[PDB]
Structure formats: structure tokens, C-alpha cells
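Fold and contact review
Take a look at the letters that make up each chain.
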Amino acid sequence: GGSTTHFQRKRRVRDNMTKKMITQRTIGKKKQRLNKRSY
Amino acid sequence: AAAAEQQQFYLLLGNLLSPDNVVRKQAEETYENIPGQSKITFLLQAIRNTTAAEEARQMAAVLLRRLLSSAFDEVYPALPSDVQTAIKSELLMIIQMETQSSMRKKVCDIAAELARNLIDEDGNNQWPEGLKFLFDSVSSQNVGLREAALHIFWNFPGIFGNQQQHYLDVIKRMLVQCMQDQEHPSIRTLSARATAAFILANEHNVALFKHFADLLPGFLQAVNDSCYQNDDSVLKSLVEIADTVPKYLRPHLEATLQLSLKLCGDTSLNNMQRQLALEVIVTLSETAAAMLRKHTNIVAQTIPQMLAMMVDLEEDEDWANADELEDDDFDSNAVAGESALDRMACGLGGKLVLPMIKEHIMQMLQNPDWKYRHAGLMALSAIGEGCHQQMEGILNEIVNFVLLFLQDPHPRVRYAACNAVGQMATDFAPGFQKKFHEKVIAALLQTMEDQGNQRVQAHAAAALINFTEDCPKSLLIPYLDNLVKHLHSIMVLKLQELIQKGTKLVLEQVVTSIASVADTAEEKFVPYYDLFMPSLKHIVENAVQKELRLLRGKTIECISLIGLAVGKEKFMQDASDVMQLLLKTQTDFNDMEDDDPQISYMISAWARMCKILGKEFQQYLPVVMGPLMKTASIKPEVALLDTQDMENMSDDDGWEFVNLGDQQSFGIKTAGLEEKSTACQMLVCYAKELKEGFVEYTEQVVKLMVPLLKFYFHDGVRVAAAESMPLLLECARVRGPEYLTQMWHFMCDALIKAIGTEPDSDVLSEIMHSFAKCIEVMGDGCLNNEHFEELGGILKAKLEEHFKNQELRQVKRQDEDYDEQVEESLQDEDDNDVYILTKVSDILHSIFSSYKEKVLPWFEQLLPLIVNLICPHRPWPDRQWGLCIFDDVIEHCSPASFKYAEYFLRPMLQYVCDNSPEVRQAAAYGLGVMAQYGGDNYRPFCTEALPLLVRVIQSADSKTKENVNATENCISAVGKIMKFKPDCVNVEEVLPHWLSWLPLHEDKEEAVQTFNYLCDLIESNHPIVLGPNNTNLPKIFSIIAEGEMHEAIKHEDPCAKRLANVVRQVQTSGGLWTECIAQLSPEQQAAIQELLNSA
């Protein structure tokens, strides 16, 4: 449909250097969806 | 002789009380083979006999409940009805005459489980005796029978088949009456819990929610009364209600909020009760923010409570000497308050939270207590993400105030200031760095280099890491020298201290900071390479003992990042030694668990070294591929327990439990999931980097990643498994078409099934993108008939879901609680839906390009929905993608597409004049592709399409950054119609106007087409382009020079050469070239020279 109009991943991101001592990773709750909604 | 059997049963129960392994095994072996009916009769006899010890009775009751809930299907049917009636009557009799509370509750659990397992069919109780007993139980005098009835009701809230028809009023009256007595508090708590469970079970029932609203004051009074008796059982029910069904609280929400505030402000209660009371409001903010935003007073009163929680810091003298990053607690008041502040700021939004917390923070940052300043800095750190847009215009004074606290008399306040700076750099990126680098870098470096406290230094280094990670490379080069100095001297000092003492806290942060600086500086780190590599290797060779494993992993990661930054040329002088170090480490450490910190740092190091060492790395592939595949296919431990059993496993070694429906607990061990995600991503990177060299390991990776598509425990694993699909096909392409077909037969069914099943929108979009890419890899026969049918069904379901979600969102609007933030959430959902539609169009384009005219009968079933997408009243995102799909149909499935032209041709002709630039672009591309791959059938429509296209092109506001792309597409369409259909265009009149619109510069694949047309006209003869003699040549030369700039790729594309030769075709007589080039800008002359040199 135009080639350039296809395969665009606009809404994606990436990063390196895992750890980052100072972070908001505490996230005890929130992001609670239970994607394993089976059985 | 039943007496001997009972004696043996009591003996084995007594053995089970204090088992040890021997009688553990022997009792399990003896018990697992007992006949089911004999088991039921024996357990009932044991429960009835009130002579043995309470432990035996309780243990037997637990056995009966577990046996029922596990294997009711094999110990009840196909048995005499007399036995069933006898056991039911026995259970009711034991319930009636039981006196001890615990045993009565256990038998209530047993009876509720039986009634749950004896419903069957569409839902109708087969045990009317149980319901009758419950009704005559709750309306009685003795409190034991009422407790039994309420516990039966709570355990299975739903022993009914016609509750709405007749029994709703009776249930409401029973619960109201039970939450009214003043002599037995235990009845009130049980009734409140029963009401909460009944409301939770009957979810998605607005009528029930409005009919049961009169019970809320009693529930709130019950939880208030219970929380003062060291019993938070009802508070947990309130938290569950607020989490799952907040609308139930809407009648009395204010009252509820006030109660929580009281329960959060009362110091008499322990920490857990106050934290749960706060969690009520926090969960309400997270789940139902629109309902809570109306009560601003409650938020304005709850913010001081959380701020006063964070002042609850214990003066610890064993702080500055701590050498490990000990876990915070997640139980102390300060951490819970900070987390609650973060969650509420994220949920309610900054527009409401910021005005009431800003003044509190600014007032607390002045209190001479070292605890109020710490709390203020931590609140500033916490509210950073939630109040993002509102704090973006106030960042200057906040930063200037925070940076003044790095020079503070108290070390903990400086630690908090470093935390605030680092968290603000993380949240406000990359705008924080550009406007504040000059002061932030200087302050952090000054704090790091001159300090007597070794916990402020490490946290300042971590803040520097957070700052430099997102800092663009352009504005860091001036600071590279002043970073390498003050990062190398401190490394030297800390490495000296590491040999004598055992200090590692600040050395790890310094190493990570150097790694981050090198990573973000890339090739500019070469002059400083020799400053760091000899020392870093010295850390890797040493630090071989335990409790330095994190240091070794960080040093190895830093070495890998520095090597990747400096490139292969400079790295290939110590690369052999680093390879030996990594090999020795890999062969040494490979004896520990999967939570060893050197199991996520070694894999990424190996992948980085693969990136550095390209194809030479193939030698080391067998060594790395072992442990990577071992840790990429770990199966997490999962257990399906009962809720009454879940409590009993309170060891909590890492078990994460979720309360499944109807008294069940589902637990998974989240130990190694992140390592699995890292290993899968590194497998994807390995395949991408190696291509043909990965063919030996392609089969194992395919057989591992195909099941991982249905791995719902981690989204990253599923995303990596989806991404690896086309890369592995490209790797296996080398072995021939048969190997490709085998791998595709492995992957195709799994991908198709995962497309129509994935809950997550992002993972689903990635899966659809990967499937489209895989189809693009293998064309003309990659799908069977079964795959075609399944794909058609799934795509029709997806389009129907997309159409229905718009109506569902419209119903979501016009609600009792709708504001701006709800609209923003709905817009985000709309964006996700449009992305899924984009991926659907991608899959359709791949299928069309692969199959051509043979796939139209399959597209017949999807045609009505695509026609629906192009409806004039639809939003522009739907119309654009419908037109794109029809353009694909035209390009690849012609000249048979005339059968479908009545559906799209008139909308295509109409939409060229649309207000939306994207719909205009799609319609223009469709009109252009009509002439090129349409044949003689679409001949008369080009005559109609041309005037509309020229009208769109010649209109004003056509070259602005918005409508420019649509105008470029229209120009390309007119050029294609002129070239491939010159009979009905009158080219001699359009071409002089067409030359004015040239060239194109932001559309690349249309630019090559239009320049191919320009060359074809030039290479052929006079018309238009070259008029009298060669006087027109200068304007075409100017057009070419203007279009030179990164438009025709200088990699010797077929078009560019045809252009360049033309420039060299005129470069024969100096007379014409001089006059053609005399009226060009110096940039144009340089462009012409570069174009001539490039091809």
C-alpha cells in the first residue's frame, strides 16, 4: 500500500545498561492485569 | 472390625502430626491408594467422633475438603444414592451440633465445597436441603448456627440458581439483620465479609449494586469496629471491593474515604492496619480515578498523612559504614508512604496533586530536623512521574533548590538530594539534561570527588549514571575530559582500597558510570581507552571470591560496553585477553543457581562481544550457546493451591500468589523470568547478527521459541519469541527450500493461533508484524487451505472487534464520571486499536504481494468489513487504512480487481480532496497505482482523476509540513498516469505544468519513480523537457541539483546512475555546461560534483 506506510514501528522503544540503582522500579503494586487468565 | 481400622487411622494421623520424612513417605503411600468411598465414610466417621484430639479432627476435616475439591468427579458419581444422602445428612448434622468454632468453620468449608461441586448443568442447586438449612440457620437464636450459615454463605457466595427471582430480598434482609447485633461482634465481622464476598462474586451487575447500597453504612461500621480489635479481615475485604468493583462504593464513597482517613491517622493501630487504610484510597485512585477526583478534600487531607508517614525514619548509626545495597523493607512507614504517594500522583494526575503537595514540600524543605528535609526530597522524587506535564514549566526553581541540598550538614539529606536529582533526570528526559547539564554535572562531580561518607558518593555516582544515560552525545563531548578525570582518579583510589579493605559499594557505581559514559560517547572514548582497560581487567582477574560477584559482573559489562563503543579496530589488541577472561569466568561460575547475579551480565557481555567481533565470533559460539540455551528454557515452578492452603505456605521464598475465582489460589515463582527474557532477547540478537552462521543452532531455537509464544507469565519473552520468527527463517534459508519449509511448518500454525488469542495489544501487534514479515520471506505457497481459513476467521474477528470497540468507548463516554483524563485514556485505547488495524493491513499486504490474483476468493469474506472502513462518516484513521488495503488489492491483484472496483473506485476518486492529509495520500497513491498496474480497464477513470489531482496540487498550503506528503504522492500519481497511460492525458499540456512541481524530496520511493520518468523523457527525445535547442536544459539541471540532497540514494541506485549519466551526457561540450552551471548556487555546484563522483 506504499511500502513506506507499512512495517513502521513508531510506538516502540529500547534501551541498554540494565540495573540503574536510582529508579522507580519499586512497583510493588500497579501493572496488575493477570495475563495468565486461563484454567 | 472397624475398631482396628479407626485405631490405624488415628495412629497415622498422629504420625502426620510430627512426621519427618520416613512416615511422611509411608503415610502418603498408604493414603494415596485408599478407596474413595471408604475414604469418604472413614473421614465422616472421624469428624463425627468427638473423642480423639482436636488435631486429628482438624486434620481429617482438611483431608475431606481437599479430597472433595480435588477429585469430586471420582468419589461421588456412580455410587448408591443412599450413601450420598447419608453423607449429606451427616455433614448437616455435624454442622448443627458442633460447638468449637474452628471445627465448625472447617465443616462449613467442607459443606460449601460439596455444594459448589454439586451444582452442575446451567446452574441449579441439587441440594435444596442445604439451602433450607442455611435459611433456618441464619434466622435462629444460637450464635453458632448463625456463624455456620454466614461462613457457608461467605465460602461459596452463590449457592443459588434463582437468587434474583425470589431470594435477593431474603439475602439482603439476612445480611442487614446480621450487621445489626451488639452482643456478638463476631457476627458483624462475618456478615461484613459475607457481604463483601457476595458483592465481589456478582460482578458486572448494576441492578444488584444499586439494590445492595443500603448495606454500605453497616459494612463501614463493621470494618471500623473490627480494625480496633487487631483484626484487619474486613479491611482486606474493603480493599478488594475498591480494587475490583469501586462502583459499589459510589452511593457512600465520601463516607468510606473519611473512614480510611481516620484509620490512616490513628496512631494506636499498628503499621499494617494504617497501611491498608491508606491503600484503600490509593487503590481507589488507581482504579476509579474519575470517581475520586470529585472529592478533592479527601485527597488534600490524605497527602499530609502520607507526608507524615515518610518522616518516620529511625536514626541509624550503622548507615555510613554499610557496604551492601540492603533491601529497603516495603513494610516500614516511610517506604509505604513514598510508594503510595508515587501511585496516587500517577493515578490522579499532576493537575490535582501538584498544587496541594508543592506547598507542603517547600515548607518541609526548611524544617531543621533532617527528617522533614529528607521527606520533602523523597516526595519530590516520588511525584516526579505523575506530575510530569505540570512540573515541566516549574523545573527551574525545583532544580535550583534541590542542587542546594547536596551541600548539606547531614549525610542522609545529601543522599536524598542525590536520589531526587537522579530520579528527576530519569523522569524528565531528555529535557532535564539539555537545560541543566552545566550545573547538574558540576554539582554531582563535586559531591562524588570530595566526600567522607561512602554512601553519598555511590548515590551521586548513580545519579550521574541516570543523568548521562539519556544525555544526547552532542552536548556531552565538552564534558568528556572533565568526566574521565574525576572518574579515573576515584577508580584508582577505590581499587586501591578494594585490595586492602573490602569496600565495593562505590566502586561498582563508578564502574557503571564509566560504562555509561563510554556507551553514550561511542567513538569519542578512544583517547581514554588506555586509561581504563588495564585497571578494569585487573578487577576481573581479581574479585574471584564470593560477595564480589556483582562487582565482577558490572566490570565485565563495563569492559564489553567500552569495547563496543571504541569499535572493533581499537578493541582488537586486548580482545584475546578479554576473551580468555570471559571464557575462564564462564567455565568457572557455571555451578550456581539461576538467580546468581553473573547470569544476566555474562549473556549480554557475550552478545556485545558478538556484535563487536562480527563473523570472527563464530569460533566461540559452541561455548556461549550452552548456558544461554540452558537459561533461555527454564520452566517456572507453578502450583494451583486452595485459598485455605495458600495461607499455610507463608514462608514466601519468592512465591507470587493470585486469588483465583471460587476459593482457589494460583501461584508462580518469579525467580528467573527476567533472566529468561534476557536470554530470549540475546538469542534474537544472535540470530540477527549471525544470519547464515546461525544455521547449525536454528532448529533448537525454533523448537524453543515456538512454544514461548504462549508464555503469558512474561511479556518480554513473548515479544522476543515473536521477533525471532523471521530471523530464524533467514538463518535457515541457507540449507535450501526444504529446510525453510520445515521451519515454516513449525512456526505458521503457532503464529496464526497466537494472533487470534493474545490479550496484550503491544505483544499482539509485534506478533502480527512478525507474521507479516515471515509471509514476506516466503511467497507463493506459504499458506495451506487450513491456514487460509483460520487467518480469514481471525482477521474478520479482529475487524469486528475494532468496529465494536468504538461503540463500546462511546458508551463509556456520557457516563456519570467523565473528564479530560478519561478522554485521554480513551484516546490511548483508540491509538492501540489503530495500531492493530495497521498490523492487519500489513498482513494483508504481505499476503497480496505473495499470492497475487489467486487470493481474491479468500479476500471475498473480508471485503464487507474493508468496505465498512471506508464509510464517509468513519474517522480518518479507519478510512486511510481501508484505502491502503484497497490500494494493495489494486497493485497486486489486477487486472481482476475490476470486480471490486464498484466498492472503492468512487470513494477513491472522492477522497483525493479530503481535509485529512493521510486520506489524501492514500487516495492519491491508489489513483497512481491504478494506471501502473490496472491495464486497459481503468482507462476512462484516469481522465476524471487527472483534473482533481492537479486541482489538489495547485492549491495553496500544499508544501507545508503536513500536506507536503499528500502533494508529493499526487505528483507521483500524475506522473505515473502520464507515463503508463499517455493516450488519455494530453501529455503535451500537463507535462509543462508537471515540470514545475518537480522535484520530490521527502517521499523516497515516489522520488525514484518520478526521476525514472524524467530520465525516460530525457533519454528519448525532445517533448517538453528539451524545447528549442537546449535552452530548457538549465531548469532541469537546477531541478536535479535541488533534488540531489539525500533524495536519490548515492549507493548507485539504478535511477541515480541514469541521472548521473545524463549529467555526463551533457558533459561533452563545454559551451552548454558552462551556461547551464553559471546560474547555480555553490551548494548546487557541489551537489552536481558529488552526484557525478558518486555514479
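Residues numbered from 1 in each chain as written, not as in the entry; some residues may be left out. Chains lettered and ligands numbered in written order. Heavy atoms only, no water.

This deposited entry lists cryo-EM as its structure determination method and 3.21 Å as its resolution.

This part covers the overall build of chain A. Scanning chain A for helices and strands turns up 0 helices and 0 strands. Expressed as lengths along the three principal axes of its C-alpha atoms, the size of chain A is roughly 45 × 35 × 15 Å. In chain A, which comprises 39 residues, the proportion classed as buried is 28%. For chain A, the computed accessible surface area is about 3,000 Å², with 47% contributed by carbon and sulfur atoms. (Helix = DSSP H or I, 4+ residues; strand = E, 2+ residues; numbered from the N terminus. Buried < 20%, exposed > 50% of the residue type's maximum accessible area, 1.4 Å probe, protein only. Areas by Shrake-Rupley, 256 points an atom, 1.4 Å probe, with all protein chains shown as cover.)

Glancing now at helix 5 (residues 81–97) of chain B. In a regular helix each residue adds 1.5 Å, so 17 residues correspond to 24 Å; helix 5 of chain B covers 24 Å between its end C-alpha atoms and thus fits that length. Buried residues belonging to helix 5 of chain B abut helix 3 (36–48), helix 6 (101–117), helix 7 (128–138) and helix 8 (143–155) of chain B. (Expected span 1.5 Å × (residues − 1). Contact = heavy atoms within 4.5 Å.)

The next thing to look at is the interface of chain A and chain B. At the junction of the two partners, chain A supplies 32 residues and chain B supplies 67 residues. Summed over both partners, the interface of chain A with chain B buries about 4,300 Å², with 51% contributed by carbon and sulfur atoms. Note that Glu766 of chain B is salt-bridged to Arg12 of chain A, the shortest N-O span being 3.6 Å. There are 18 residue pairs in polar contact connecting chain A and chain B. Of the residues in the side of chain A that touches chain B, the class split is 6 nonpolar, 14 polar and 12 charged. (Buried area = accessible area lost by both parts, 1.4 Å probe. Salt bridge = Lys/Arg side-chain N within 4 Å of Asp/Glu carboxyl O. Polar contact = N/O pair within 3.5 Å; in protein donor to acceptor, adjacent residues only side chain to side chain. Nonpolar A, V, L, I, M, F, W, Y, C, P; charged D, E, K, R; others polar.)

Residue and element names in this part refer to chain B. What the 3 strands build is an open sheet, ordered 1-3-2; its pairing is antiparallel. With partners counted over all chains shown, the strands left at the sheet margins are strand 1 (638–641) and strand 2 (655–660), one partner each. Averaged over all adjacent pairs, the angle separating strand axes in this sheet is 20 degrees, with direction ignored. Bridge count for strand 1 against strand 3 (residues 664–669) is 4 bridges, and the pairing is antiparallel. In the strand pairing of strand 3, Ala639 is matched with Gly667. (Pairing = 2+ DSSP bridges. Axes fitted to C-alpha atoms, helices over the stretch in contact; angles between N-to-C directions.)

Attention shifts here to unusual backbone geometry. All names here are of chain B. The omega torsion of the bond from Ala429 to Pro430 falls at 0 degrees, within 30 degrees of zero and hence cis. Residue position: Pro430 is located in the loop between helix 23 (411–427) and helix 24 (431–449). Of note, the bond from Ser894 into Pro895 is cis; its omega dihedral lies within 30 degrees of zero at 5 degrees. Here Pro895 is to be found in the loop between helix 43 (876–892) and helix 44 (901–911). Unlike most non-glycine residues, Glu121 shows phi in positive territory, near 60 degrees. Locating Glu121 in the fold gives a position in the loop between helix 6 and helix 7.

With that out of the way, let us pick up the domain arrangement of chain B. Looking at the assigned domains, one finds that chain B contains domain 1 (400–471), domain 2 (476–613) and domain 3 (1005–1095). The C-alpha-based centres of domain 2 of chain B and domain 3 of chain B are spaced at 53 Å. (Domains from an automatic or database assignment.)

Before going further, it helps to spend a moment on the packing of helix 1 (residues 2–17) of chain B against helix 3 of chain B. All names here are of chain B. Viewed as axis vectors pointing N to C, helix 1 and helix 3 meet at an angle of 80 degrees, and their least axial separation amounts to 11 Å. Relative to helix 3, the element helix 1 lies roughly perpendicular. Seen from helix 1, the contacting residues are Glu5, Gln6 and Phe9; seen from helix 3, they are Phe42, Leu43 and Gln45. By residue class, the composition of the contact of helix 1 with helix 3 is 3 nonpolar, 2 polar and 1 charged. (Parallel < 35°, antiparallel > 145°, perpendicular 65-115°, else oblique.)

The full count for this structure, using the stated rule, is 30 aromatic pairs over all chains. Judged by centre distance (5.1 Å) and plane angle (80 degrees), the ring pair of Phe848 of chain B and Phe859 of chain B falls under edge-to-face. With a gap of 11 residues between them, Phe848 of chain B in helix 41 (residues 820–851) and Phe859 of chain B in helix 42 (residues 856–869) connect regions that are remote in the sequence. Among the aromatic side chains, those forming a connected cluster through ring pairs are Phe135, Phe153, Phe160, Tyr167, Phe198 and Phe212 of chain B. When the ring centre of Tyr835 of chain B is taken as origin, the NZ or CZ atom of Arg11 of chain A, which lies over that ring, is 5.9 Å away. (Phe/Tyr/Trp six-rings, centres within 6.5 Å; stacked < 30°, edge-to-face > 60°. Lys NZ or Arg CZ within 6 Å of the ring centre and 35° of its normal.)

Glancing now at the environment of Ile1024 of chain B. Residue and element names in this part refer to chain B. Its location among the elements puts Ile1024 in the loop between helix 49 (1004–1020) and helix 50 (1033–1043). Given a relative accessible area of 23%, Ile1024 falls into the partly exposed group. A sequence separation of 33 residues divides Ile1024 from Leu991, and the C-alpha atoms of the two residues are 6.7 Å apart. With near-sequence residues (within four places) excluded, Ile1024 lies in contact with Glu988, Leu991, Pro992 and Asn1032.

Moving on, we come to the nonpolar core. Generally speaking, a soluble globular protein has its nonpolar side chains buried in company with each other. In this structure, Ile562, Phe694, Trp744, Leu783 and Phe859 of chain B are the most contacted members of the largest nonpolar core, which totals 390 residues. If sequence neighbours within four positions are ignored, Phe694 of chain B has contacts with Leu621, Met625, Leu683, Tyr686, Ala687, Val701, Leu728 and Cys731 of chain B. (Core = buried A, V, L, I, M, F, W, Y, C linked by side-chain atoms within 4.5 Å.)

What follows is about a positive patch on the surface. The grouping of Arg14 of chain A together with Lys611, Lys615, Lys688 and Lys691 of chain B at the surface amounts to a positive patch. Assignment of secondary structure puts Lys688 of chain B in helix 35 (residues 673–690). (Patch = residues over 30% accessible without salt bridge, like charges linked within 9 Å, V, L, I, M, F, W, Y side chains within 5 Å. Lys, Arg positive; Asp, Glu negative; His and termini not counted. Charge placed at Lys NZ, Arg CZ, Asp CG, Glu CD.)

With that settled, consider the environment of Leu475 of chain B. Residues and elements named next belong to chain B. Take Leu475: it is sitting in the loop between helix 25 (454–470) and helix 26 (480–484). Assessed through its relative accessible area of 18%, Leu475 is described here as buried. Counting along the chain gives 38 residues from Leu475 to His437, while the straight-line C-alpha distance between them is 8.6 Å. Excluding its chain neighbours within four sequence positions, the residues that come into contact with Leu475 are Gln433, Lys434 and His437.

Turning next to helix 39 (residues 761–777) of chain B. Compared with an ideal rise of 1.5 Å per residue, which puts 17 residues at 24 Å, helix 39 of chain B spans 24 Å between its outermost C-alpha atoms and is within 8% of the ideal. With 13 of its 17 residues buried, helix 39 of chain B lies for the most part within the structure.

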